[PDB]
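Position 1 is the first residue of the sequence, and the numbers go up from there. What you see below is based on every heavy atom in this structure, not just the backbone, and it leaves out hydrogens, waters and symmetry mates.
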Amino acid sequence: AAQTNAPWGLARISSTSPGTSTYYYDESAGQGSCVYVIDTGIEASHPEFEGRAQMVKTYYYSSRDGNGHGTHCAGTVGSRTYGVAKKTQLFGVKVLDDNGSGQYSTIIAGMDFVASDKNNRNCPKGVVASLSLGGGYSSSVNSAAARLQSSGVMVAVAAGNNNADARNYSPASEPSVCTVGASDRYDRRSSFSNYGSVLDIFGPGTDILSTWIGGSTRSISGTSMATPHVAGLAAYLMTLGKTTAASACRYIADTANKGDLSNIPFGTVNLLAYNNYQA
């Protein structure tokens, strides 16, 4: 399948070269997979989600996304126009308030929630969790991410936006999950992207168009935007049967575009997520 005039990041993930604008992907499109977006919520009524999104959990007075961040990330995972995996099922877990903040204890509870809640959902092709969040190093936060991964969920986490080594941030620094840095449309490391040995992969993160609250759209930047590209890619590849939740991060690294990014510090992987789809 070909989506013309796609957002640059979608075109990038199906291309061996920057500078194109059509996204190419297998029409299975993540059908039968599920992606949990653990964030500020999801505006599930947005036409871009086509009934495939729903809120399953909140720790606050509403499950609605009063911020936009979670809706944007969910759109990059699975919206019809802005998403990588256009037929996946999206489940929202609101661990962040409408200012985008959340206590680590709440975030940990949300991760353990997903590890159990997947047993209440139909995801025959597999389960992914996208975590566009983080703060300073916490062994308890890392352990929660490790448990979620161990339970059979492909966990993708943001590297962070400090232009610093991600070893000092959580859940970015957890070795067993997939830690995602950000790149721009010219294949440069995004100016804010964290780096370091704990990164597994880069995805598009600068000037990413996606869904927003109020039935709208906007372009924003962050490792928060790169992470759902990788989460959606994992769901898409799992639906194709090419990999599993336990092996998807490694498979994405195996099949990535290699050595194509600029300003990658010595010791950080130079790997850009790529779907290897041959139309």
Side-chain angles (χ1 to χ4, degrees), residues 30 33-79 82-83 85 88-123 127-135 138 140-149 151-158 160 170-172 174 177 210-218 220 222-225 227-228 231-232 235:
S33 71
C34 303
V35 185
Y36 286 83
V37 181
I38 304 173
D39 211 287
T40 64
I42 307 175
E43 188 173 275
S45 65
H46 200 301
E48 277 282 316
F49 295 122
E50 314 178 297
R52 290 177 290 102
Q54 55 187 299
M55 291 298 310
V56 302
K57 179 67 175 178
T58 181
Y59 298 88
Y60 306 92
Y61 52 79
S62 177
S63 67
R64 291 201 317 73
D65 183 9
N67 183 277
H69 183 269
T71 293
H72 195 275
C73 293
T76 298
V77 176
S79 65
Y82 311 100
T88 195
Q89 289 282 318
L90 298 161
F91 298 131
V93 179
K94 180 171 173 62
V95 300
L96 303 181
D97 71 16
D98 287 343
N99 299 311
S101 306
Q103 291 303 291
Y104 269 169
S105 55
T106 304
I107 292 159
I108 289 167
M111 287 191 257
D112 285 317
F113 171 88
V114 174
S116 179
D117 183 73
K118 66 176 198 285
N119 297 313
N120 287 323
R121 312 295 166 189
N122 286 298
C123 311
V127 184
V128 182
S130 196
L131 288 63
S132 289
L133 57 77
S138 161
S140 294
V141 171
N142 282 11
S143 179
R147 286 194 297 279
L148 180 56
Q149 177 72 50
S151 83
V153 176
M154 187 288 180
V155 179
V157 311
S170 288
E174 166 53 38
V177 303
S210 191
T211 40
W212 200 253
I213 53 170
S216 76
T217 60
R218 68 177 58 184
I220 58 170
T223 61
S224 287
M225 288 60 255
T227 301

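- Counting non-hydrogen atoms of other residues, nucleotides and ligands closer than 6.0 Å to CG of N120 gives a total above 12.
- The closest donor-acceptor contact from the side chain of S216 to the backbone of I213 lies under 3.5 Å.
- In terms of the side-chain hydrogen bond (donor to acceptor under 3.5 Å, both in side chains) criterion, residue partners of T40 (sequence neighbours excluded) are, by chain and number, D65.
- How far CD1 of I107 is from CG of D112: 12.5 Å, rounded to the nearest 0.5 Å.
- The two residues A129 and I38 have their closest heavy-atom pair at CB-CD1, 4.2 Å.
- With hydrogens and angles disregarded, a donor-acceptor distance shorter than 3.5 Å links the side chain of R52 to the backbone of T88.
- Scored by the salt bridge (charged side-chain N to carboxylate O under 4.0 Å, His left out) test, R121 finds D117 as partners (sequence neighbours excluded).
- The side chain to side chain contact (heavy atoms under 4.5 Å, CB included) test applied to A115 returns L148, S151, not counting sequence neighbours.
- Contact of the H69 side chain with the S132 side chain is registered, since non-hydrogen atoms from C-beta on lie closer than 4.5 Å.
- Contact of the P171 side chain with the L133 side chain is registered, since non-hydrogen atoms from C-beta on lie closer than 4.5 Å.
- Taken to the nearest 0.5 Å, the OH atom of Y82 stands 4.5 Å off from the OG1 atom of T217.
- Applying the side-chain hydrogen bond (donor to acceptor under 3.5 Å, both in side chains) criterion to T223, with sequence neighbours excluded, gives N161.
- Scanning for ring pair (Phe, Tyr, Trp, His ring centres under 6.0 Å) contacts around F91 gives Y36, with sequence neighbours left out.
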Test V56 against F113 for side-chain contact (heavy atoms from CB on, under 4.5 Å), laying out the working first. CA-CA 10 Å; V56 302; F113 171 88; 3.8 Å; yes
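- Scored by the side-chain hydrogen bond (donor to acceptor under 3.5 Å, both in side chains) test, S143 finds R147 as partners (sequence neighbours excluded).
- With hydrogens and angles ignored, the 3.5 Å screen pairs no side-chain donor or acceptor of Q149 with any backbone N or O of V177.
- Across all non-hydrogen atoms, the minimal contact from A172 to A158 is CB-O, 3.4 Å.
- Checking side-chain atoms of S210 against main-chain N and O of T76 turns up a donor-acceptor pair under 3.5 Å.
- The two residues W212 and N67 come nearest to each other via the heavy atoms CZ2-O, 3.3 Å.
- Summarising the geometry of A85 relative to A235, their closest heavy-atom pair is CB-CB, 4.4 Å, with the distance given to 0.1 Å.
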Between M111 and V93, is the side-chain contact (heavy atoms from CB on, under 4.5 Å) condition met? List the steps. CA-CA 9 Å; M111 287 191 257; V93 179; over 6 Å; no
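- Atom OG in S33 sits 8.5 Å away from atom CD in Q89 (nearest 0.5 Å).
- The heavy-atom pair separating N122 from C34 by the smallest distance is O-SG, 3.5 Å.
- Between the OG1 atom of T211 and the NE2 atom of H72 there is a distance of 7.0 Å, given to the nearest 0.5 Å.
- Residue pairs meeting the side-chain hydrogen bond (donor to acceptor under 3.5 Å, both in side chains) criterion with at least one member in residues 96-110, sequence neighbours excluded, are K94-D98.
- Between the side chain of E43 and the backbone N or O of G215 there is at least one donor-acceptor pair closer than 3.5 Å.
- The two residues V95 and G110 come nearest to each other via the heavy atoms CG1-CA, 3.9 Å.
- When the side-chain hydrogen bond (donor to acceptor under 3.5 Å, both in side chains) test is applied to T58, no partner is found at least two apart in sequence or on another chain.
- For the residue pair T71 and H46, no side-chain donor N or O sits within less than 3.5 Å of a side-chain acceptor on the partner.
- With rounding to the nearest 0.5 Å, the separation of OG1 in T227 from CG in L131 is 8.5 Å.
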